[PDB]
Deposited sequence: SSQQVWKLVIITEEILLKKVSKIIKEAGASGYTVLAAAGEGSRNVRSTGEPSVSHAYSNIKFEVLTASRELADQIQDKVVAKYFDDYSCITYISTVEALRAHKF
């Protein structure tokens, strides 16, 4: 196993392509996205359901870079939460 960072982004379904774009252009080796629903307290939803991304990265800087861009671009105008933890991933994959 190899210790890596795990960035989670939960945001509006309409931002699927844009956030996928950010992740890939930052140089992450991939991402996973799950369909979700939710409620939050900011009440900023651009449309008046959600997606949850998980991005594993070996470097904390890359996780921070992706988090920073997503938050800077979409936090004010779109339902969006992010958080980071660490996990131990398989060594047979690049992160």
query	finding
Regions of the deposited sequence not represented in the model	1, 50 to 57
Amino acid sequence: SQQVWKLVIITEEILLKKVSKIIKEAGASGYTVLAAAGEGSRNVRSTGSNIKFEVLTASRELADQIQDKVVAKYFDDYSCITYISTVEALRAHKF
From here on, numbers count along this sequence of modelled residues.
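What we label the rigid core is the largest C-alpha set whose atoms superpose within 1.5 Å from one form to the other.
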| item | value |
| --- | --- |
| Higher-deviation segment by CA RMS in 5 other deposited structures of this protein, core fitted, 81 to 89 or 67 to 75 | 81 to 89 |
| Other entries modelling both neighbours but not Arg60, at least a third | no |
| Other entries omitting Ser29, at least a third | no |
| Of 73 to 81 and 7 to 15, the stretch whose C-alpha atoms average the higher B-factor in the entry | 73 to 81 |
| 53 to 61 or 39 to 47, whichever carries the higher mean Cα B-factor | 39 to 47 |
